[PDB]
Amino acid sequence: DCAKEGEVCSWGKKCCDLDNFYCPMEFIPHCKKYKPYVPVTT
């Protein structure tokens, strides 16, 4: 079992593909697809 795209991650579950998806930092994070290659300060 895993959290698909748009599914609650972190406290909820672990995103099926953490490599292609990331878990946001909020009250109820949702699996979101991303592909960064040039991270910047923030």
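According to its header, the structure was obtained by solution NMR.
Cβ from N, Cα, C; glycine included.
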Candidates are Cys9, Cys15, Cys16. Which one does Swiss-Prot pair with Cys2 through a disulfide bond?
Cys16
Within the chain of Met25 (site 'Important residue for activation of TRPV1'), which residues six or more apart in sequence place their C-beta under 8 angstroms from its C-beta?
none
By DSSP, what is the split of the repeat 'Domain 1' (2-31) into helix, strand and coil residues?
0 helix, 8 strand, 22 coil
